[PDB]
Each structure stands twice: as structure tokens, then as C-alpha cells.
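Colleague: So that we are looking at the same thing, I have put the structure below in C-alpha cells.
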Amino acid sequence: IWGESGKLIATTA
């Protein structure tokens with residue numbers, strides 16, 4: 001995701 005990701009899905013966890 002173009003915002004907050006890193007591992008897999010950090011915005012909608």
C-alpha cells in the first residue's frame with residue numbers, strides 16, 4: 001500500500 005505498509009497490510013490490518 002502507498003502510505004503505511006512494510007510487512008503486508010499496516011493501514012487496514
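Please note that chains go A, B, ... in the order of the C-alpha cells, that every chain numbers its residues from 1, and that ligands are numbered from 1 in the order shown.
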Give me the residues within 12 Å of residue A:12 as JSON, numbers by chain, counting only C-alpha atoms and dropping any in the same chain fewer than 4 places off.
Modeller: {"A": [1, 3, 4, 5, 8]}
